[PDB]
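Structure file work.txt with compact mmCIF, C-alpha atoms and all ligand atoms:
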```txt
# COMPACT_ATOMS: atom_id res chain seq x y z
CA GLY C 458 74.02 25.44 -53.41
CA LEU C 459 75.08 21.93 -52.11
CA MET C 460 72.81 22.53 -48.99
CA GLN C 461 69.76 20.18 -49.24
CA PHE C 462 67.06 19.80 -46.57
CA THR C 463 66.39 16.17 -45.46
CA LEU C 464 63.48 15.03 -43.31
CA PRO C 465 63.32 12.13 -40.83
CA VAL C 466 62.59 8.83 -42.65
CA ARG C 467 58.79 8.63 -41.88
CA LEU C 468 58.31 12.25 -43.22
CA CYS C 469 60.75 11.78 -46.18
CA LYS C 470 58.48 8.87 -47.31
CA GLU C 471 54.94 10.06 -46.27
CA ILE C 472 55.48 13.61 -47.76
CA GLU C 473 55.28 12.06 -51.30
CA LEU C 474 51.71 10.89 -50.53
CA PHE C 475 48.67 13.18 -51.18
CA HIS C 476 47.17 12.42 -47.69
CA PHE C 477 50.31 13.55 -45.73
CA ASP C 478 49.67 15.69 -42.58
CA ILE C 479 52.49 18.25 -41.89
CA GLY C 480 52.16 17.59 -38.09
CA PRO C 481 51.83 19.80 -34.96
CA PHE C 482 55.50 21.07 -34.87
CA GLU C 483 55.24 24.63 -36.39
CA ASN C 484 59.08 25.00 -36.47
CA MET C 485 59.42 22.10 -39.01
CA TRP C 486 56.94 23.63 -41.55
CA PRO C 487 59.44 26.10 -43.18
CA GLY C 488 61.88 23.18 -43.62
CA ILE C 489 59.07 21.02 -45.08
CA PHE C 490 58.28 23.79 -47.61
CA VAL C 491 61.99 24.26 -48.63
CA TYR C 492 62.37 20.44 -48.94
CA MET C 493 59.38 20.42 -51.33
CA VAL C 494 60.79 23.39 -53.38
CA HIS C 495 64.25 21.69 -53.78
CA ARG C 496 62.67 18.37 -55.01
CA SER C 497 59.85 19.94 -57.09
CA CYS C 498 61.75 22.84 -58.68
CA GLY C 499 65.51 22.25 -58.04
CA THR C 500 68.05 23.47 -55.36
CA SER C 501 68.96 26.45 -57.71
CA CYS C 502 65.35 27.76 -58.27
CA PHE C 503 65.70 30.21 -55.30
CA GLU C 504 68.64 31.73 -53.34
CA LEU C 505 68.26 29.99 -49.93
CA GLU C 506 68.93 33.25 -47.87
CA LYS C 507 66.09 35.01 -49.85
CA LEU C 508 63.67 31.99 -49.71
CA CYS C 509 64.09 31.56 -45.90
CA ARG C 510 63.49 35.31 -45.37
CA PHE C 511 60.45 35.28 -47.79
CA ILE C 512 58.93 32.23 -45.93
CA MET C 513 59.28 33.86 -42.45
CA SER C 514 57.71 37.19 -43.71
CA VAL C 515 54.80 35.17 -45.23
CA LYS C 516 54.41 33.20 -41.95
CA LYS C 517 54.37 36.51 -39.97
CA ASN C 518 51.49 37.87 -42.18
CA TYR C 519 49.23 34.83 -41.54
CA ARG C 520 47.03 35.57 -38.48
CA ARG C 521 46.26 33.31 -35.44
CA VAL C 522 42.79 32.19 -36.67
CA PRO C 523 41.45 28.64 -36.21
CA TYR C 524 41.66 27.42 -39.87
CA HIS C 525 42.88 30.11 -42.38
CA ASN C 526 46.36 30.13 -40.82
CA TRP C 527 50.04 29.32 -41.55
CA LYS C 528 49.32 25.52 -41.22
CA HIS C 529 46.65 25.82 -44.00
CA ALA C 530 49.15 27.73 -46.20
CA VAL C 531 51.77 24.94 -45.89
CA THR C 532 49.14 22.12 -46.17
CA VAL C 533 47.82 23.64 -49.48
CA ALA C 534 51.46 24.00 -50.76
CA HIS C 535 52.10 20.28 -49.97
CA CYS C 536 49.03 19.19 -52.02
CA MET C 537 50.35 21.27 -54.98
CA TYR C 538 53.82 19.59 -54.45
CA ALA C 539 52.13 16.13 -54.64
CA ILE C 540 50.20 17.10 -57.85
CA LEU C 541 53.38 18.53 -59.44
CA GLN C 542 55.56 15.46 -58.53
CA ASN C 543 52.94 12.98 -59.94
CA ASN C 544 52.66 15.02 -63.24
CA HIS C 545 56.23 16.30 -63.56
CA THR C 546 56.48 16.55 -67.42
CA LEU C 547 53.15 18.55 -67.82
CA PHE C 548 54.36 21.85 -66.16
CA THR C 549 57.03 24.45 -67.11
CA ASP C 550 59.99 25.53 -64.90
CA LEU C 551 58.11 28.85 -64.20
CA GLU C 552 54.84 27.06 -63.29
CA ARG C 553 56.60 24.81 -60.72
CA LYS C 554 58.27 27.94 -59.15
CA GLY C 555 55.10 30.11 -59.24
CA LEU C 556 52.51 27.53 -58.03
CA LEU C 557 54.23 26.51 -54.73
CA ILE C 558 54.71 30.21 -53.84
CA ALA C 559 51.10 30.92 -54.89
CA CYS C 560 49.78 28.16 -52.53
CA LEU C 561 51.94 29.39 -49.59
CA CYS C 562 50.66 32.99 -50.11
CA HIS C 563 47.04 32.21 -51.26
CA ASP C 564 45.35 33.22 -47.91
CA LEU C 565 47.90 35.87 -46.68
CA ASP C 566 46.42 38.11 -43.90
CA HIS C 567 43.08 36.16 -43.83
CA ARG C 568 40.86 37.22 -40.85
CA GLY C 569 38.57 34.12 -40.79
CA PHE C 570 35.72 35.97 -42.62
CA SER C 571 34.14 35.36 -46.08
CA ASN C 572 33.94 37.91 -48.96
CA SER C 573 30.13 38.19 -48.08
CA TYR C 574 30.86 39.23 -44.48
CA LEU C 575 33.41 41.95 -45.61
CA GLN C 576 30.68 43.23 -48.03
CA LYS C 577 27.83 43.31 -45.42
CA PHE C 578 30.22 44.84 -42.84
CA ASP C 579 31.19 47.45 -45.51
CA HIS C 580 34.94 46.72 -44.88
CA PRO C 581 37.32 49.09 -46.75
CA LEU C 582 38.70 46.04 -48.76
CA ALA C 583 35.15 45.58 -50.25
CA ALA C 584 35.26 49.14 -51.76
CA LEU C 585 38.87 48.58 -52.96
CA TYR C 586 37.95 45.12 -54.59
CA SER C 587 34.26 44.63 -55.65
CA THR C 588 34.77 40.88 -56.48
CA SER C 589 37.20 38.21 -55.11
CA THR C 590 37.77 40.73 -52.26
CA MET C 591 40.02 38.69 -49.92
CA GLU C 592 41.77 37.03 -52.90
CA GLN C 593 42.84 40.35 -54.52
CA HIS C 594 44.12 41.31 -50.99
CA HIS C 595 46.09 38.00 -50.71
CA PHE C 596 47.78 38.71 -54.13
CA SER C 597 48.45 42.36 -53.05
CA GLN C 598 50.07 41.14 -49.74
CA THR C 599 52.16 38.66 -51.81
CA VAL C 600 53.54 41.46 -54.06
CA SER C 601 54.16 43.61 -50.91
CA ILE C 602 56.41 40.89 -49.36
CA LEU C 603 58.28 40.26 -52.69
CA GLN C 604 59.25 44.03 -52.71
CA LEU C 605 60.65 44.00 -49.12
CA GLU C 606 64.49 44.43 -49.26
CA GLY C 607 66.18 40.99 -49.59
CA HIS C 608 62.82 39.16 -50.25
CA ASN C 609 62.74 39.05 -54.10
CA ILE C 610 63.17 35.27 -54.62
CA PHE C 611 62.51 35.93 -58.38
CA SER C 612 65.43 38.45 -58.82
CA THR C 613 67.43 35.98 -61.08
CA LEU C 614 64.51 35.81 -63.65
CA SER C 615 64.51 37.89 -66.88
CA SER C 616 61.99 40.77 -67.15
CA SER C 617 59.58 38.48 -69.20
CA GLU C 618 59.83 35.47 -66.86
CA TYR C 619 59.28 37.71 -63.76
CA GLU C 620 56.13 39.19 -65.37
CA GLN C 621 54.90 35.66 -66.38
CA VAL C 622 55.47 34.17 -62.87
CA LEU C 623 53.62 37.10 -61.12
CA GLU C 624 50.77 36.56 -63.66
CA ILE C 625 50.73 32.76 -62.85
CA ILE C 626 50.56 33.61 -59.08
CA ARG C 627 47.81 36.30 -59.55
CA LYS C 628 45.45 33.98 -61.54
CA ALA C 629 46.31 31.03 -59.18
CA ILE C 630 45.40 33.09 -56.04
CA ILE C 631 42.27 34.66 -57.69
CA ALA C 632 41.07 31.09 -58.58
CA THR C 633 40.89 30.18 -54.83
CA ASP C 634 37.69 32.35 -54.82
CA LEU C 635 35.12 29.48 -54.55
CA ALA C 636 32.55 31.76 -56.36
CA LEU C 637 34.75 31.43 -59.53
CA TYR C 638 35.25 27.63 -59.07
CA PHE C 639 31.72 26.57 -60.31
CA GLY C 640 31.98 28.21 -63.77
CA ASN C 641 35.69 27.23 -64.16
CA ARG C 642 34.95 23.53 -63.52
CA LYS C 643 31.84 23.57 -65.81
CA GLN C 644 34.00 24.98 -68.71
CA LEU C 645 36.77 22.36 -68.06
CA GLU C 646 34.13 19.55 -67.85
CA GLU C 647 32.70 20.67 -71.29
CA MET C 648 36.22 21.04 -72.83
CA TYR C 649 37.38 17.57 -71.60
CA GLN C 650 34.20 15.74 -72.78
CA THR C 651 33.99 17.29 -76.34
CA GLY C 652 37.79 16.64 -76.71
CA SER C 653 38.60 20.40 -77.21
CA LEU C 654 40.81 20.65 -73.99
CA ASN C 655 44.38 21.60 -75.14
CA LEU C 656 47.22 22.22 -72.61
CA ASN C 657 49.24 24.20 -75.28
CA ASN C 658 46.35 26.80 -75.21
CA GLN C 659 47.37 29.30 -72.44
CA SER C 660 43.69 30.08 -71.56
CA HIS C 661 43.10 26.26 -71.11
CA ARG C 662 46.28 25.91 -68.93
CA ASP C 663 44.97 28.87 -66.82
CA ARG C 664 41.64 27.01 -66.19
CA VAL C 665 43.45 23.71 -65.32
CA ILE C 666 45.83 25.56 -62.91
CA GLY C 667 42.67 27.16 -61.44
CA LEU C 668 41.18 23.70 -60.76
CA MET C 669 44.52 22.48 -59.22
CA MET C 670 44.40 25.57 -56.87
CA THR C 671 40.78 24.67 -55.83
CA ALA C 672 41.91 21.00 -55.34
CA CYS C 673 44.92 22.02 -53.15
CA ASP C 674 42.82 24.61 -51.23
CA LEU C 675 40.15 21.96 -50.33
CA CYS C 676 42.76 19.16 -49.70
CA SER C 677 41.74 18.86 -45.95
CA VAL C 678 38.77 16.81 -47.39
CA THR C 679 41.32 14.32 -48.86
CA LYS C 680 43.19 13.38 -45.62
CA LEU C 681 42.80 10.26 -43.46
CA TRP C 682 39.40 10.43 -41.66
CA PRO C 683 40.84 11.43 -38.23
CA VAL C 684 42.70 14.46 -39.80
CA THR C 685 39.62 15.53 -41.88
CA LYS C 686 37.28 15.13 -38.87
CA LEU C 687 39.50 17.31 -36.58
CA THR C 688 40.11 20.00 -39.29
CA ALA C 689 36.27 20.30 -39.56
CA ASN C 690 36.30 21.73 -35.94
CA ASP C 691 38.67 24.58 -37.07
CA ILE C 692 36.62 25.33 -40.23
CA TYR C 693 33.31 25.37 -38.25
CA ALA C 694 34.91 27.58 -35.50
CA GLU C 695 35.44 30.32 -38.15
CA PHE C 696 31.90 29.75 -39.62
CA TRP C 697 30.28 30.19 -36.14
CA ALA C 698 32.37 33.34 -35.39
CA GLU C 699 31.23 34.77 -38.77
CA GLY C 700 27.63 33.78 -37.90
CA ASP C 701 28.05 35.65 -34.57
CA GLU C 702 29.33 38.79 -36.40
CA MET C 703 26.43 38.50 -38.93
CA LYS C 704 23.95 38.57 -35.90
CA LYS C 705 25.79 41.68 -34.52
CA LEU C 706 25.04 43.43 -37.90
CA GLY C 707 21.31 42.42 -37.47
CA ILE C 708 21.48 39.59 -40.12
CA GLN C 709 20.38 35.97 -39.45
CA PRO C 710 23.28 33.85 -40.79
CA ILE C 711 22.60 30.71 -42.94
CA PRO C 712 22.19 27.68 -40.61
CA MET C 713 25.75 26.26 -41.33
CA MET C 714 27.24 29.44 -39.66
CA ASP C 715 24.67 29.65 -36.73
CA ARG C 716 26.27 28.08 -33.61
CA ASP C 717 22.74 27.56 -32.14
CA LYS C 718 22.16 24.94 -34.95
CA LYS C 719 25.25 22.63 -34.54
CA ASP C 720 23.11 19.46 -35.28
CA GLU C 721 22.84 20.76 -39.00
CA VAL C 722 26.71 20.63 -39.47
CA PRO C 723 26.93 17.01 -40.80
CA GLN C 724 24.31 17.86 -43.60
CA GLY C 725 26.10 21.25 -44.39
CA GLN C 726 29.23 19.08 -44.95
CA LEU C 727 27.40 16.59 -47.29
CA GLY C 728 26.18 19.45 -49.57
CA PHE C 729 29.74 20.85 -49.77
CA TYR C 730 31.26 17.39 -50.64
CA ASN C 731 28.61 16.73 -53.40
CA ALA C 732 28.35 20.34 -54.82
CA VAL C 733 32.09 21.29 -54.58
CA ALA C 734 34.69 18.72 -53.45
CA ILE C 735 33.62 15.53 -55.38
CA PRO C 736 33.02 17.32 -58.74
CA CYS C 737 36.39 19.21 -58.24
CA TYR C 738 38.56 16.06 -57.77
CA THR C 739 36.45 14.14 -60.45
CA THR C 740 37.17 16.75 -63.21
CA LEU C 741 40.83 16.97 -61.93
CA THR C 742 41.28 13.14 -62.16
CA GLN C 743 39.82 13.23 -65.75
CA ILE C 744 42.47 15.88 -66.77
CA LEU C 745 45.35 14.59 -64.51
CA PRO C 746 44.87 10.83 -63.98
CA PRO C 747 47.68 10.49 -61.35
CA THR C 748 45.61 12.81 -59.00
CA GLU C 749 43.08 9.91 -58.51
CA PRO C 750 44.12 9.32 -54.83
CA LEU C 751 42.59 12.78 -53.91
CA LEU C 752 39.18 11.71 -55.43
CA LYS C 753 39.29 8.28 -53.69
CA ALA C 754 40.18 9.86 -50.27
CA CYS C 755 37.44 12.55 -50.76
CA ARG C 756 34.89 9.74 -51.44
CA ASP C 757 36.13 7.76 -48.36
CA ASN C 758 35.54 10.91 -46.24
CA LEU C 759 32.09 11.63 -47.80
CA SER C 760 31.23 8.05 -46.69
CA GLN C 761 32.56 8.83 -43.16
CA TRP C 762 30.36 12.03 -42.99
CA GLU C 763 27.26 10.02 -44.09
CA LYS C 764 27.99 7.61 -41.13
CA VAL C 765 28.17 10.67 -38.76
CA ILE C 766 24.60 11.73 -39.96
CA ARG C 767 23.09 8.23 -39.34
CA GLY C 768 24.56 8.37 -35.77
CA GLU C 769 26.96 5.43 -36.62
CA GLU C 770 29.65 7.76 -35.07
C1 LIG C 801 36.57 27.10 -45.69
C2 LIG C 801 35.52 26.86 -46.75
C3 LIG C 801 35.91 25.85 -47.82
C4 LIG C 801 36.19 24.49 -47.25
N1 LIG C 801 37.44 23.96 -47.22
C5 LIG C 801 37.36 22.70 -46.63
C6 LIG C 801 38.50 21.76 -46.44
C7 LIG C 801 36.04 22.48 -46.23
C8 LIG C 801 35.37 21.41 -45.48
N2 LIG C 801 36.16 20.32 -45.10
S1 LIG C 801 36.04 19.35 -43.82
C9 LIG C 801 37.68 19.22 -43.36
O1 LIG C 801 35.54 18.12 -44.26
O2 LIG C 801 35.30 20.00 -42.80
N3 LIG C 801 34.09 21.44 -45.14
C10 LIG C 801 33.34 22.52 -45.58
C11 LIG C 801 31.95 22.51 -45.32
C12 LIG C 801 31.23 23.57 -45.86
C13 LIG C 801 31.91 24.57 -46.63
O3 LIG C 801 31.17 25.63 -47.14
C14 LIG C 801 31.83 26.74 -47.79
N4 LIG C 801 33.23 24.57 -46.86
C15 LIG C 801 33.92 23.58 -46.36
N5 LIG C 801 35.29 23.60 -46.65
MG MG C 802 40.95 31.88 -49.41
ZN ZN C 803 42.75 28.58 -48.52
```

I need this file expressed as structure tokens, please.
Ligand SMILES: CCCc1nc(C)c2c(NS(C)(=O)=O)nc3ccc(OC)nc3n12
Ligand SMILES: [Mg+2]
Ligand SMILES: [Zn+2]
Amino acid sequence: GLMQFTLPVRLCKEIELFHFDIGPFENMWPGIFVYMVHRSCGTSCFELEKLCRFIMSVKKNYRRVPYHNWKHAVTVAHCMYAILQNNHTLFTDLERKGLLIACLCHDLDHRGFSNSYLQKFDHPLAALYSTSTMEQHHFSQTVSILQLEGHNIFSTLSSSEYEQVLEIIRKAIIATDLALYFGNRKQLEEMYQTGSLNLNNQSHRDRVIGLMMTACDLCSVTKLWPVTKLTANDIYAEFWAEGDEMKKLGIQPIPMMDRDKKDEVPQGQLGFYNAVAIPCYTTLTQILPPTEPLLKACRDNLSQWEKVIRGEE
């Protein structure tokens, strides 16, 4: 219980910042996650033997895909750690515990393909889960790993608390379905602006936690320009593979996913920043003012993508 993780000084300091990059050393990422748990939650939240064994089972069930991989999992967990640390009195003990685990597990066993591709392929998961297909699978894989012998990091919780935390994780992971994001943010926008938003209302908390999950999940748009620019190559590599597989089914993919139309990437990016990312961090900043650095960094990067379109770089 007196065993803390420490990081080297540059990491110890930079990890507190929203725009932190977890680096290219895979073997430090589990330590980075435990560090964040111990500062965000407490050193008693989880039994270290169980946490370490949960983390390495989760890692093992991320696939070697260009973007939706173990590095994404830990990156999205760090963004949630930054939001929680900057807003530390707004969230319960259970929410701090649940949300970091939810972010680490939110893309478990992702294959690099969208819910639409699974559906057009007629993948078995699409018959099992008619909506939020991959996201119901991610939650399912989470529960699977929790029920492995020695992996139940929630074993010290009461019956009620256990059921609450699994319900926090389920809604948190389902909210990473971008199809649900548009309506969720619209409702929050309305609630904030008419003054009706109330964080003691569980259905309002749910929506706000949903928006936090979207903000963490898209946090690659909030990094320093060189990180954001290079992450775009990994995202587009999955898009083009999915476009290829669409063509193999006899379906012309949208232009964003067609590797024969790579000149129309910079404009595909702009639409995504204006329709999804900017509104997401704007509404989030309105509800959680300390999350403003995410909105500012997102705007800085939109400005960098506009430059790329003009041929200024
Ligand atoms: C994986 C789909 C969701 C997603 N997450 C991120 C971080 C991005 C992103 N960022 S970047 C680093 O600037 O390329 N660009 C995207 C462009 C289009 C798009 O259409 C769905 N999604 C994008 N996206
Ligand atoms: Mg996902
Ligand atoms: Zn994700």

Minimum-distance residue to ligand MG 802 (chain C), chosen among C:553, C:567, C:628, C:476 (using all atoms listed in the file):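 Answer, going by the shortest atom-to-atom distance: C:567.
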
Two-atom distance - atom CA of residue C:661, atom CA of residue C:544 (Å): 16.7 Å

Residue nearest residue C:538 among C:582, C:489, C:632, C:698 (counting all atoms listed in the file):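 Of the candidates, the smallest distance to residue C:538 is held by C:489.
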
Within-6 Å residues of ligand LIG 801 (chain C), basis all atoms listed in the file, as a ChimeraX atom specification: /C:675-678,685,688-689,692,725-726,729

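For ligand MG 802 (chain C), the neighbouring protein, DNA and RNA residues, which are those within 7 Å when all atoms listed in the file are counted, are residues 563, 564, 591, 592, 633 and 634 of chain C.
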
Option closest in space to ligand ZN 803 (chain C), from C:569, C:487, C:481, C:712 [counting all atoms listed in the file]: C:569

Using the partial input, fill out stretch 689-712 of chain C with N, CA and C atoms; write the result as a PDB file, in the coordinates of the input.
```
ATOM      1  N   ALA C 689      37.663  19.805 -39.485  1.00  0.00           N
ATOM      2  CA  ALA C 689      36.270  20.300 -39.560  1.00  0.00           C
ATOM      3  C   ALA C 689      35.938  21.163 -38.342  1.00  0.00           C
ATOM      4  N   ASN C 690      36.526  20.902 -37.164  1.00  0.00           N
ATOM      5  CA  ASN C 690      36.300  21.730 -35.940  1.00  0.00           C
ATOM      6  C   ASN C 690      36.869  23.144 -36.139  1.00  0.00           C
ATOM      7  N   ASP C 691      37.993  23.273 -36.847  1.00  0.00           N
ATOM      8  CA  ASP C 691      38.670  24.580 -37.070  1.00  0.00           C
ATOM      9  C   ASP C 691      37.846  25.352 -38.103  1.00  0.00           C
ATOM     10  N   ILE C 692      37.425  24.677 -39.169  1.00  0.00           N
ATOM     11  CA  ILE C 692      36.620  25.330 -40.230  1.00  0.00           C
ATOM     12  C   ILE C 692      35.325  25.866 -39.605  1.00  0.00           C
ATOM     13  N   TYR C 693      34.643  25.044 -38.818  1.00  0.00           N
ATOM     14  CA  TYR C 693      33.310  25.370 -38.250  1.00  0.00           C
ATOM     15  C   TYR C 693      33.487  26.469 -37.196  1.00  0.00           C
ATOM     16  N   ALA C 694      34.648  26.560 -36.542  1.00  0.00           N
ATOM     17  CA  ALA C 694      34.910  27.580 -35.500  1.00  0.00           C
ATOM     18  C   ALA C 694      34.901  28.956 -36.178  1.00  0.00           C
ATOM     19  N   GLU C 695      35.445  29.046 -37.395  1.00  0.00           N
ATOM     20  CA  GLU C 695      35.440  30.320 -38.150  1.00  0.00           C
ATOM     21  C   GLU C 695      34.000  30.604 -38.589  1.00  0.00           C
ATOM     22  N   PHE C 696      33.308  29.612 -39.145  1.00  0.00           N
ATOM     23  CA  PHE C 696      31.900  29.750 -39.620  1.00  0.00           C
ATOM     24  C   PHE C 696      31.042  30.324 -38.492  1.00  0.00           C
ATOM     25  N   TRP C 697      31.155  29.803 -37.273  1.00  0.00           N
ATOM     26  CA  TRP C 697      30.280  30.190 -36.140  1.00  0.00           C
ATOM     27  C   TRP C 697      30.622  31.606 -35.684  1.00  0.00           C
ATOM     28  N   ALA C 698      31.907  31.969 -35.686  1.00  0.00           N
ATOM     29  CA  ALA C 698      32.370  33.340 -35.390  1.00  0.00           C
ATOM     30  C   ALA C 698      31.776  34.292 -36.424  1.00  0.00           C
ATOM     31  N   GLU C 699      31.747  33.895 -37.694  1.00  0.00           N
ATOM     32  CA  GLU C 699      31.230  34.770 -38.770  1.00  0.00           C
ATOM     33  C   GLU C 699      29.724  34.892 -38.570  1.00  0.00           C
ATOM     34  N   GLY C 700      29.066  33.791 -38.217  1.00  0.00           N
ATOM     35  CA  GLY C 700      27.630  33.780 -37.900  1.00  0.00           C
ATOM     36  C   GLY C 700      27.330  34.748 -36.764  1.00  0.00           C
ATOM     37  N   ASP C 701      28.187  34.746 -35.743  1.00  0.00           N
ATOM     38  CA  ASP C 701      28.050  35.650 -34.570  1.00  0.00           C
ATOM     39  C   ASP C 701      28.103  37.101 -35.068  1.00  0.00           C
ATOM     40  N   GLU C 702      29.086  37.411 -35.911  1.00  0.00           N
ATOM     41  CA  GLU C 702      29.330  38.790 -36.400  1.00  0.00           C
ATOM     42  C   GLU C 702      28.184  39.196 -37.319  1.00  0.00           C
ATOM     43  N   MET C 703      27.644  38.258 -38.102  1.00  0.00           N
ATOM     44  CA  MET C 703      26.430  38.500 -38.930  1.00  0.00           C
ATOM     45  C   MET C 703      25.308  38.966 -37.983  1.00  0.00           C
ATOM     46  N   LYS C 704      25.044  38.251 -36.875  1.00  0.00           N
ATOM     47  CA  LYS C 704      23.950  38.570 -35.900  1.00  0.00           C
ATOM     48  C   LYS C 704      24.166  39.965 -35.298  1.00  0.00           C
ATOM     49  N   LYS C 705      25.414  40.336 -35.028  1.00  0.00           N
ATOM     50  CA  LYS C 705      25.790  41.680 -34.520  1.00  0.00           C
ATOM     51  C   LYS C 705      25.456  42.762 -35.551  1.00  0.00           C
ATOM     52  N   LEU C 706      25.426  42.446 -36.842  1.00  0.00           N
ATOM     53  CA  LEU C 706      25.040  43.430 -37.900  1.00  0.00           C
ATOM     54  C   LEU C 706      23.517  43.449 -38.083  1.00  0.00           C
ATOM     55  N   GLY C 707      22.782  42.549 -37.410  1.00  0.00           N
ATOM     56  CA  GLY C 707      21.310  42.420 -37.470  1.00  0.00           C
ATOM     57  C   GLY C 707      20.888  41.514 -38.612  1.00  0.00           C
ATOM     58  N   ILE C 708      21.703  40.509 -38.956  1.00  0.00           N
ATOM     59  CA  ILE C 708      21.480  39.590 -40.120  1.00  0.00           C
ATOM     60  C   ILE C 708      21.527  38.151 -39.600  1.00  0.00           C
ATOM     61  N   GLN C 709      20.430  37.415 -39.769  1.00  0.00           N
ATOM     62  CA  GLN C 709      20.380  35.970 -39.450  1.00  0.00           C
ATOM     63  C   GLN C 709      21.341  35.292 -40.404  1.00  0.00           C
ATOM     64  N   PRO C 710      22.390  34.596 -39.910  1.00  0.00           N
ATOM     65  CA  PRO C 710      23.280  33.850 -40.790  1.00  0.00           C
ATOM     66  C   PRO C 710      22.588  32.593 -41.317  1.00  0.00           C
ATOM     67  N   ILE C 711      23.035  32.059 -42.455  1.00  0.00           N
ATOM     68  CA  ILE C 711      22.600  30.710 -42.940  1.00  0.00           C
ATOM     69  C   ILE C 711      22.828  29.735 -41.793  1.00  0.00           C
ATOM     70  N   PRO C 712      22.112  28.591 -41.755  1.00  0.00           N
ATOM     71  CA  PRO C 712      22.190  27.680 -40.610  1.00  0.00           C
ATOM     72  C   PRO C 712      23.582  27.069 -40.340  1.00  0.00           C
TER      73      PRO C 712
END
```
